[PDB]
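**Student:** This is the structure I have questions about; it appears just below.
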There are 2 protein chains.
Amino acid sequence: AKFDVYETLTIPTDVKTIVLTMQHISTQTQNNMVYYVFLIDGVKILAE
Amino acid sequence: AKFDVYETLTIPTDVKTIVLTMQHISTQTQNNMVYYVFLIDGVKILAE
């Protein structure tokens, strides 16, 4: 609440800053369906 | 996915338990308004 204006949102430091390139978007399967996931650190991560 | 009927969900172990009672919720103020929050440890914790 209380939407200031003079204030600009600053990104907190403890967040990995990932550039988005067309390499992090791969697929995996589970229960015989092909979903889309991320490759942020080698491990396939679902979008949630 | 894979909505099983045999498998039953169990709470993972590393999760605090809170037997909810009507004292764990309380109010906190900000921006000249009021809001409802939790008191899991006396510390007012927002709902999210």
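Lettering and numbering for the structure tokens are positional, with chains as A, B, ... in the shown order, residues counted from 1 in each chain, and ligands counted from 1 in the shown order.
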Taking only C-alpha atoms into account, find every residue of chain A that has an atom no more than 9 Å from chain B, and write it out as a list in words.

**Tutor:**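 Listing them in order of chain and number gives residues 1, 2, 30 and 31 of chain A.
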
**Student:** For the residues selected in the previous step, produce a file with N, CA, C and O atoms as a JSON list (two decimals), in the first residue's frame.

**Tutor:**
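New file again_28.json:
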[["chain", "number", "residue", "atom", "x", "y", "z"],
["A", 1, "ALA", "N", 0.85, -1.18, 0.00],
["A", 1, "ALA", "CA", 0.00, 0.00, 0.00],
["A", 1, "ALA", "C", 0.89, 1.24, 0.00],
["A", 1, "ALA", "O", 2.12, 1.15, -0.01],
["A", 2, "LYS", "N", 0.26, 2.41, 0.02],
["A", 2, "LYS", "CA", 0.97, 3.69, 0.06],
["A", 2, "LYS", "C", 1.99, 3.78, -1.08],
["A", 2, "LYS", "O", 3.20, 3.77, -0.87],
["A", 30, "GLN", "N", 6.98, -35.57, -17.33],
["A", 30, "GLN", "CA", 6.55, -36.24, -16.11],
["A", 30, "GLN", "C", 5.15, -36.77, -16.35],
["A", 30, "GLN", "O", 4.28, -36.02, -16.81],
["A", 31, "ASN", "N", 4.95, -38.05, -16.06],
["A", 31, "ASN", "CA", 3.67, -38.71, -16.32],
["A", 31, "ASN", "C", 3.31, -38.64, -17.80],
["A", 31, "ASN", "O", 2.14, -38.50, -18.17]]

**Student:** I need the strand (DSSP E) residues of range 3-40 of chain B per DSSP on the backbone, written as a list in words.

**Tutor:** residues 25, 26, 27, 28, 29, 30, 33, 34, 35, 36, 37 and 38 of chain B

**Student:** For residue 23 in chain B, work out the shell of residues within 12 Å, counting only C-alpha atoms and skipping chain neighbours fewer than 6 positions away, then give it as a short mmCIF file (atom, residue, chain, number, x, y, z; two decimals) with N, CA, C and O atoms, in the first residue's frame.

**Tutor:**
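Output below, filename result-v6.cif:
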data_model
loop_
_atom_site.label_atom_id
_atom_site.label_comp_id
_atom_site.auth_asym_id
_atom_site.auth_seq_id
_atom_site.Cartn_x
_atom_site.Cartn_y
_atom_site.Cartn_z
N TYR B 36 -4.80 -6.76 9.15
CA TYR B 36 -4.79 -7.95 9.98
C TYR B 36 -3.56 -8.78 9.65
O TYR B 36 -3.24 -8.97 8.48
N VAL B 37 -2.88 -9.27 10.68
CA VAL B 37 -1.69 -10.09 10.47
C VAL B 37 -1.64 -11.22 11.48
O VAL B 37 -2.56 -11.39 12.29
N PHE B 38 -0.57 -12.01 11.44
CA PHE B 38 -0.40 -13.16 12.31
C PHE B 38 0.65 -12.88 13.38
O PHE B 38 1.52 -12.02 13.22
N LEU B 39 0.58 -13.64 14.47
CA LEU B 39 1.52 -13.54 15.58
C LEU B 39 2.19 -14.87 15.87
O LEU B 39 2.27 -15.30 17.02
N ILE B 40 2.67 -15.55 14.83
CA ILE B 40 3.24 -16.88 15.00
C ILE B 40 4.34 -16.89 16.05
O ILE B 40 4.56 -17.91 16.72
N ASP B 41 5.03 -15.78 16.23
CA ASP B 41 6.05 -15.66 17.27
C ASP B 41 5.97 -14.29 17.92
O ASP B 41 6.99 -13.69 18.28
N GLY B 42 4.76 -13.77 18.07
CA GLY B 42 4.60 -12.43 18.60
C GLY B 42 4.95 -11.38 17.56
O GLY B 42 4.52 -10.23 17.66
N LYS B 44 4.50 -9.54 14.26
CA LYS B 44 3.44 -9.33 13.29
C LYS B 44 3.94 -9.70 11.90
O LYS B 44 4.86 -9.07 11.38
#
